[PDB]
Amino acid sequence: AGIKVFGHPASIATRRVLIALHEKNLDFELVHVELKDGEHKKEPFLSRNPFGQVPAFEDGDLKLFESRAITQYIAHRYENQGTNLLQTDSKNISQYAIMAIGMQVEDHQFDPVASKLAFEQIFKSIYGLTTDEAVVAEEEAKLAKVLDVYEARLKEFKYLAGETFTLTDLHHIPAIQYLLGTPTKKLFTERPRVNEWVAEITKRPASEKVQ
């Protein structure tokens, strides 16, 4: 009954879902999955996601996993409450496609790089493992290319899909929150439109709630 998120409050992909829920002012329960104990690779969590990755999700009888499938469900199902996470005219197909390009680009070009950066520089550090400086340099060079594209794009429009905040922007927030606490920060601050964009999306109340 109601909306439940099965995840961990430090997980990037879990935070994606949490931010979208807060943006919609939805009530929900966060059910804690203990990653340190391998609970995500055990039953019963495996029956909610056989790939053993947080988050999983429930809205009544509907059971989901994959953060970006979940956010998009939220954005459609609860379109008319709270922040609109779709384009202003959500019935405009070409505008939806432009948002979709940006979502694909986050998923394929931004996230794997940002993830590796956060893993090397933050998560390894929590367990006393040493950061591989070569992976960091290689991954920062990649991220700089992605951010150069974003810079050009943000010269044209206030946000990545157009003039309003959407899922394209939202999906970047958790990884960015973590990378702002690392030397990777410079890559965002040295690009002026990227920097303003980061400042706006991270100061949103929904973003600050999960931080």
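Residues carry their position along the shown sequence, with the first being 1. In this text, rigid core is short for the largest set of C-alphas that superpose within 1.5 Å between two forms.
- Rigid core fits of the other structures in 5 other deposited structures of this protein place the C-alpha atoms of one stretch farther away on average; of 153-161 and 42-50, that stretch is 42-50.
- With 73-81 and 86-94 as candidates, the stretch whose CA atoms show the greater average offset from this form in 5 other deposited structures of this protein after a core fit is 86-94.
- When the mean C-alpha temperature factors of 147-155 and 66-74 are read from the deposited coordinates, 147-155 comes out higher.
- Taking only CA atoms, the mean B-factor in the PDB entry is higher for 195-203 than for the other of 195-203 and 7-15.
- Residue set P55, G52, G60, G181: peak C-alpha B-factor at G60 (per PDB entry).
- Split the chain's modelled residues into thirds by C-alpha temperature factor. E79 is in the middle one.
- Annotation for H172: C-alpha temperature factor in the lowest third relative to the rest of the modelled chain, per the entry.
- When the modelled residues of the chain are ordered by their C-alpha B factor, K116 lands in the middle third.
- Sorting the modelled residues of the chain by their CA temperature factor places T166 in the lowest third.
- Ranked within its chain, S94 lands in the middle third, by CA B factor from the PDB record.
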